[PDB]
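>>> Give me coordinates for this.
(2 chains, ligands or ions: 2)
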Amino acid sequence: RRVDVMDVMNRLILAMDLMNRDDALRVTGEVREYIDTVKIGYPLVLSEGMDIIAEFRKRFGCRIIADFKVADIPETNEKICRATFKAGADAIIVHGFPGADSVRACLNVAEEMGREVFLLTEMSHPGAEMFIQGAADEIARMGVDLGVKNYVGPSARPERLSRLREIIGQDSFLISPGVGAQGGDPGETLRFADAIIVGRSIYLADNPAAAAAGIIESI
Amino acid sequence: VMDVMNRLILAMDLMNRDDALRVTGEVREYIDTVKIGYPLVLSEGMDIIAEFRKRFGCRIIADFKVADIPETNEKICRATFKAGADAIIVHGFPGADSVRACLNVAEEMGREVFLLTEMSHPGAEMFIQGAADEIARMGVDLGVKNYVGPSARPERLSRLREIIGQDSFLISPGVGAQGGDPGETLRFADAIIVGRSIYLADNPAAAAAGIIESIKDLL
Ligand SMILES: O=c1cc(O)n([C@@H]2O[C@H](COP(=O)(O)O)[C@@H](O)[C@H]2O)c(=O)[nH]1
Ligand SMILES: O=c1cc(O)n([C@@H]2O[C@H](COP(=O)(O)O)[C@@H](O)[C@H]2O)c(=O)[nH]1
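Residues are numbered from 1 along each chain as shown, chains lettered A, B, ... in the order given. Ligands and ions are numbered 1, 2, ... in the order given. Okay, here it is:
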């Protein structure tokens, strides 16, 4: 679809937020036919340890995005990124709201370890309207100023998601949560995002495989 | 409320278990409250929290800067309280629903939430500073009683204290390595948080002793 970057399989990323290793491995195995890129966050890591990342990579041969919403001072951010890449994460998700130096600290580690940073510029939940939404454009422009090429932005009104894409450019890579459980539509979101992120609609389904196939079908 | 011992909280951001245990053991005489963050937890595991509580009989504040959607926030809080943390630090920038999610888990498990309203690093001026007063007011609206604000100009910390009232509990990082003065900060904060000035000291006990000496009249 793009010649400059390869799409994740089916342009669909699994948000694996189950907090039990057995369950997380089973459900992931059940949709691996459909998905080759898994987002692992604190719910799973704080429950089962950082070793889970390497276990996923070995068992499933998938890409791993560590969704750690990094949001500390530069010095602490560097330590978090280092531990995370040491654990085998292909990329880490970093909040933009704490400012440019905090983001730069993560970018520096990513450069040293040959990994990637995704910048979170805007969020999907209702609370996001209070403070994040007002800063979102400026956070995205900050990302561009810093040379960030990978972004996280939410499924939203076309006029909104289009604005993000306008800022970051067509050459940037954009992944988008808020699809399914939170009300976002997979197809509409993929008009602007390179990939959609889906958690509960898949991992809480009676039949995870059917949910995944069903989503892919709807597009 | 009872003061934290000597109004001094150790930021234990070493990433080796024996070094972390050693330094903490060396200053335990002076400090009975320890802030444990992702640098330590992501390197040594969540079990380090219960180990500290057992070995040192200290209260543990989990500095996880929780900054996700409500549903993910709830999972992170649950895992953290299950690991034995007495309190968790939550970002206010993501809005009221994300904070309420943490408050709800804290209520269910008999633990506490600290709201992070403003930060100490230069990047904090970009987006956080402009929202800090309103994040603090949101905290008041939600019934938050515990806050984190940075060691800074009396004006800044005074304004935060004004908003949260005299009854609220306020702790403040940015003391020592980042240039903050222990005595001036304790003018408004109930306790100061100190990391590198202690844990990177040739003599941590001596470093801790010196800080306390310098604030003798305020204890
Ligand atoms: O703005 C955002 C940013 C996120 O990372 N997320 C994350 O994306 C995932 C959404 O999962 P779900 O499809 O179950 O709503 C969760 O892991 C959540 O933490 C989000 O929902 N909204
Ligand atoms: O505004 C803030 C909020 C923090 O939690 N922190 C945290 O407080 C500690 C400061 O440690 P130090 O005294 O070495 O600067 C670190 O754990 C950092 O992540 C901070 O420095 N500034």
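
>>> wouldn't residue A:119 be in contact with residue A:149 here?
No - using CB atoms under 8 Å, residue A:119 is not in contact with residue A:149; the gap is 9.1 Å. Any C-beta I mention is one placed from the backbone N, CA and C, and that applies to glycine too.

>>> residues of the helix or strand hosting residue A:166 that come out buried?
For residue A:166, the enclosing helix or strand under DSSP states H and E is helix A:158-168. Residues A:161, A:163, A:164, A:165, A:167, A:168 are the ones in helix A:158-168 that count as buried (16 or more other CB atoms under 10 Å in any protein chain shown).

>>> Would you tell me whether that helix gets close to ligand 1?
No - no part of helix A:158-168 sits near ligand 1 under the criterion CB under 6 Å from any ligand atom; the closest distance found is 11.9 Å.

>>> Which secondary structure elements does that helix sit against?
The helices and strands touching helix A:158-168, judged by 3 or more CB pairs under 8 Å, 6 or more residues apart in numbering or on different chains; DSSP states H and E, are helix A:132-146, strand A:173-176.

>>> Can you name the residues in contact with the first one?
Contacts of helix A:132-146 from elsewhere in the structure, counted by CB atoms under 8 Å, 6 or more residues apart in numbering or on different chains, are A:96-97, A:99-100, A:103-104, A:107, A:119, A:121-123, A:151, A:153, A:163-164, A:167-169, B:93-95, B:126-127, B:131.

>>> Please report how far residue A:62 lies from residue B:18.
According to CB to CB, to the nearest Å, residue A:62 and residue B:18 sit 34 Å apart.

>>> related to what we said a few turns ago, so the helix holding residue A:166 versus helix A:132-146, what angle?
Direction vectors for helix A:158-168 and helix A:132-146, defined by axes from the mean of the first three to the mean of the last three CA atoms, to 10 degrees, enclose an angle of 20 degrees.

>>> coming back round to it: are any of the contacts of helix A:132-146 buried, and which?
When neighbours are counted using 16+ other CB under 10 Å, the contacts of helix A:132-146 contain these buried positions: A:96-97, A:99-100, A:103-104, A:107, A:119, A:121-123, A:151, A:153, A:163-164, A:167-168, B:93-95, B:126-127, B:131.

>>> Let's see which of these end up in helices.
Of the positions in the buried ones among the contacts of helix A:132-146, A:100, A:103, A:104, A:107, A:163, A:164, A:167, A:168, B:131 sit in helices, assigned by DSSP state H.

>>> of all these, which comes closest to ligand 1?
For ligand 1, the closest of those turns out to be residue A:164, at 11.9 Å, with distances computed as CB to the nearest ligand atom.

>>> so what's the nearest residue to the closest one once chain neighbours are set aside up against?
Excluding the flanking residues, the one nearest residue A:164 by CB to CB, 6 or more residues apart in numbering or on different chains is residue A:153, at 4.5 Å. Residues near residue A:153 by CB under 8 Å, 6+ apart: A:120, A:121, A:122, A:136, A:140, A:161, A:164, A:174, A:176, A:193.

>>> The same query, at a cut-off of 6 Å, please.
Residue A:153 makes contact with A:121, A:122, A:164, A:176 under the criterion CB atoms under 6 Å, 6 or more residues apart in numbering or on different chains.

>>> Generate TSV for the residues you listed, with distance to residue B:87 as supplementary columns.
Formatted as TSV, the contacts of residue A:153 follow (distance: CB to CB, whole Å):
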residue	distance to residue B:87
A:121	30
A:122	29
A:164	35
A:176	33
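
>>> And the residues you listed, which is closest to residue B:51?
Taking CB to CB as the measure, residue B:51 lies nearest residue A:121 of those, at 37.9 Å.

>>> separation between that closest one and ligand 1?
In this structure, residue A:121 and ligand 1 are 9 Å apart, going by CB to the nearest ligand atom, to the nearest Å.

>>> residues in chain A within reach of ligand 2, list them.
Proximity of chain A to ligand 2 is confined to A:72, A:73, A:76 under the rule CB under 6 Å from any ligand atom.

>>> switch to 8 Å and redo it
Applying CB under 8 Å from any ligand atom, one finds that chain A approaches ligand 2 through A:72, A:73, A:75, A:76.

>>> which among those gets closest to ligand 1?
In terms of CB to the nearest ligand atom, no member of these lies closer to ligand 1 than residue A:72, at 16.8 Å.

>>> So that closest one: helix, strand or coil?
Remark: residue A:72 carries the secondary structure label coil [criterion: DSSP: H, G, I helix; E, B strand; the rest coil].

>>> Just the strands from chain A, written as ranges.
Along chain A, the stretches classed as strands by DSSP state E are A:12-16, A:37-41, A:63-70, A:91-95, A:116-120, A:150-152, A:173-176, A:195-198.

>>> Pairing partners for the first one, with directions?
Okay, so that is strand A:12-16. In the sheet, strand A:12-16 lines up against strand A:37-41 (parallel), strand A:195-198 (parallel) (DSSP bridges).

>>> Find the nearest non-adjacent residue to residue A:216, please.
In this structure, residue A:216 finds its nearest non-sequential neighbour in residue A:10, 5.1 Å apart by CB to CB, 6+ apart.

>>> burial count for the one you found?
Using other CB atoms under 10 Å in any protein chain shown, residue A:10 has 19 other residues around it.

>>> I'd like to know how many residues surround the closest residue to ligand 2 within chain A.
The minimum distance from chain A to ligand 2, using CB to the nearest ligand atom, falls at residue A:76 (3.6 Å). Counted with other CB under 10 Å, the neighbours of residue A:76 add up to 22.

>>> next one: residue A:157
Counted with other CB under 10 Å, residues neighbouring residue A:157 total 9.

>>> quick one: it from chain B, how far?
Using CB to the nearest CB, to the nearest Å, one obtains 18 Å as the distance from residue A:157 to chain B.

>>> quick one: which of residue A:62 and residue B:18 has more around it?
Residue environment comparison for residue A:62 versus residue B:18 gives the larger neighbour count to residue A:62, 21 against 9, counting by other CB under 10 Å.

>>> Against chain B, how distant is the more buried one?
Remark: distance between residue A:62 and chain B (CB to the nearest CB) = 21 Å.

>>> Identify the bridge partners of residue A:93.
Assessed by DSSP bridges, residue A:93 has beta-bridge partners residue A:118.

>>> Spit out the contact partners of it.
Under the criterion of CB under 6 Å, 6+ apart, the contact partners of residue A:93 comprise A:67, A:118, A:120, A:152.

>>> ok, for the third one, nearest residue in space, not its chain neighbours?
In this structure, residue A:120 finds its nearest non-sequential neighbour in residue A:152, 4.4 Å apart by CB to CB, 6+ apart.
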